[PDB]
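Here's the structure we're looking at; comments come further down.
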Amino acid sequence: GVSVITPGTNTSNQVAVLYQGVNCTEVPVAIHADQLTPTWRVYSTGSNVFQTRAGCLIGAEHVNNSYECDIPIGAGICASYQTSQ
Amino acid sequence: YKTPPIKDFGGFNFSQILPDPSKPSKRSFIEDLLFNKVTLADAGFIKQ
Ligand SMILES: *[C@@H]1O[C@H](CO)[C@@H](O[C@@H]2O[C@H](CO)[C@@H](O[C@@H]3O[C@H](CO)[C@@H](O)[C@H](O)[C@@H]3O)[C@H](O)[C@H]2NC(C)=O)[C@H](O)[C@H]1NC(C)=O
Ligand SMILES: *[C@@H]1O[C@H](CO)[C@@H](O[C@@H]2O[C@H](CO)[C@@H](O[C@@H]3O[C@H](CO)[C@@H](O)[C@H](O)[C@@H]3O)[C@H](O)[C@H]2NC(C)=O)[C@H](O)[C@H]1NC(C)=O
Ligand SMILES: *[C@@H]1O[C@H](CO)[C@@H](O[C@@H]2O[C@H](CO)[C@@H](O[C@@H]3O[C@H](CO)[C@@H](O)[C@H](O)[C@@H]3O)[C@H](O)[C@H]2NC(C)=O)[C@H](O)[C@H]1NC(C)=O
Ligand SMILES: *[C@@H]1O[C@H](CO)[C@@H](O)[C@H](O)[C@H]1NC(C)=O
C-alpha cells in the first residue's frame, strides 16, 4: 500500500509518502523511468529517503529526538510538522 | 516512572517481575516465558 502523510491542507502543502511494508530500494526503482501506479515522481529523487521498520518513508526529514506522537505511522514512528519549517 | 536502584521492599521480592537490563528486550523474566510459550506466527518483520 501507499499512504500519504500531511499536516493539514493549508498548514502546508508539504507532504510525505510511505510505502508500508516495502524496502527503500524499489521506490528508487519506482523512479519515472518505470511508471508504477503513482504518476508523480518529483519526490522520487529523494535526498531525504529514510528507511524504517514500517516501510519506506520519503520526503520526511529524519530527526533523532523524541516527542509525543503527532501522526501515527507504525513500528514506533510518528511524524509531525515543526521547524525553517 | 523509573524503579529505584535499591530494591528495599521490606522483604518482598519482585526481581523476576521487574525488567532486567541484561535482556536485549527489556522484559521481565516472566514476560520472556510468555513470549516463548506463545507460538507466534506472522511477526511482520521487515525481513529484506
Ligand atoms: C542523531 O544522533 C546520532 C548520534 O548519537 C547520529 O548517529 C551518528 O552520530 C555520529 C556522530 O555525530 C555521526 O558521525 C559519523 O559517525 C560515524 C560512525 O560510524 C563515523 O564513521 C563518521 O566518520 C562520522 O563521524 C554519524 O554520521 C551519525 N549517523 C550514523 C552513524 O548513521 C544520527 O545520525 C543522528 N540522526 C540524524 C542526523 O538523523
Ligand atoms: C529475591 O530472592 C533472592 C534472594 O535474595 C534474589 O532473587 C534471586 O536471584 C537469583 C539470580 O541469581 C535467582 O536464581 C538464582 O540464579 C543463580 C544464577 O544467577 C543460580 O546460581 C542460583 O542457584 C539461583 O537459581 C533466584 O530465582 C531469585 N529468587 C527470587 C525470589 O527472585 C533476590 O535477592 C531477591 N529479590 C528481592 C527484591 O528481594
Ligand atoms: C533492501 O535492499 C538492499 C539492497 O538491495 C539490501 O541491502 C543488503 O543488506 C544485506 C545485509 O542486510 C547485505 O548482505 C550482506 O552481505 C555481506 C557479504 O557481501 C555479508 O557479510 C553481510 O553479513 C550481509 O549479509 C547486502 O549486501 C545488501 N545489498 C543487497 C543488494 O542485498 C537490504 O538488505 C534490503 N532490506 C533492507 C531493510 O534494507
Ligand atoms: C485552514 O487554516 C485554519 C487555521 O486556523 C484551519 O481551519 C485549518 O488549518 C485549515 N482548514 C481546514 C484543514 O479545513
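First residue shown is number 1, and so on along the chain.
Cβ atoms here come from the backbone N, Cα and C positions, even for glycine.
Now, the feature entries from Swiss-Prot:
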type: CARBOHYD; residues: A:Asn10; note: N-linked glycosylation site
type: CARBOHYD; residues: A:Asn23; note: N-linked glycosylation site
type: DISULFID; residues: A:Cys24-A:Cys56; note: disulfide bond
type: REGION; residues: A:28-47; note: region 'Disordered'
type: CARBOHYD; residues: A:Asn64; note: N-linked glycosylation site
type: DISULFID; residues: A:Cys69-A:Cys78; note: disulfide bond
type: CARBOHYD; residues: A:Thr83; note: O-linked glycosylation site
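Every protein chain considered, the tally of other Cβ atoms within 10 Å of the Cβ of the residue listed as 'O-linked glycosylation site' stands at 4. Proximity of distant same-chain residues to the region 'Disordered' (A:28-47), defined by a Cβ-Cβ separation under 8 Å and at least 6 residues beyond the stretch ends, is recorded for 2, 17, 58-59. Note on A:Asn64 (N-linked glycosylation site): other Cβ atoms within 10 Å of its Cβ, all shown chains, come to 4. You'll find the Cα of A:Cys78 (disulfide bond) roughly 12 Å from the Cα of A:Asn64 (N-linked glycosylation site). Long-range C-beta contacts of A:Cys56 (disulfide bond), restricted to its own chain and to partners at least six residues apart, with a cutoff below 8 Å, comprise A:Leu18, A:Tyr19, A:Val22, A:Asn23, A:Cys24, A:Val27, A:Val49, A:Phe50. Just so you know, of the glycosylation sites A:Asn10, A:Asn23, the Cβ with the fewest other Cβ atoms around it within 10 Å is the one at A:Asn10.
Within the region 'Disordered' (A:28-47), the DSSP-based counts of helix, strand and coil residues read 5 helix, 0 strand, 15 coil. All protein chains included, A:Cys78 (disulfide bond) registers 12 other Cβ atoms within 10 Å of its own Cβ. Comparing the disulfide-bonded residues A:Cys24, A:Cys69 by how many other C-beta atoms lie within 10 angstroms of each C-beta, the top residue is A:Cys24.
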